[PDB]
């Protein structure tokens, strides 16, 4: 199993994901947390992909989906990836290898978000399906 180095940005996206899940008192880290984090800043990579596609804005809907995760009483101090999050992370690694990239990066997380049905259904409705995201990232990497 490859243990690649991560870009600082990728590590920070995961730190922000963990901080979000903790602040919500949720039991696990979910892809929905990572997706919200990736769309939180208006000039983030994911936000700029949506902009280039003319996709609808997904921030508020992802926040609602985060707020649909049960508030646990008491919540864990260190919530861990659930099985959906593991699948997203495994797909991100596949995408890193397929692109020939040395470091795990935000791009790879974005290419993996559609492994979650709950994230993917929001992105799909907005006009940012898996194939469209891939094509847009390819243009942006030029």
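Residue numbers count along the first chain shown, from 1.
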Stretch with higher mean Cα temperature factor, 114 to 122 vs 5 to 13, is 5 to 13
Mean B factor on CA atoms, stretches 66 to 74 and 87 to 95, record says higher is 87 to 95
Of the three thirds of Cα B-factor ranks in this chain, residue 33 occupies the lowest
Residue 61: C-alpha B-factor third of its chain, per the entry, is the lowest
Sorting the chain's modelled residues by C-alpha B-factor and splitting them into thirds places residue 43 in the highest
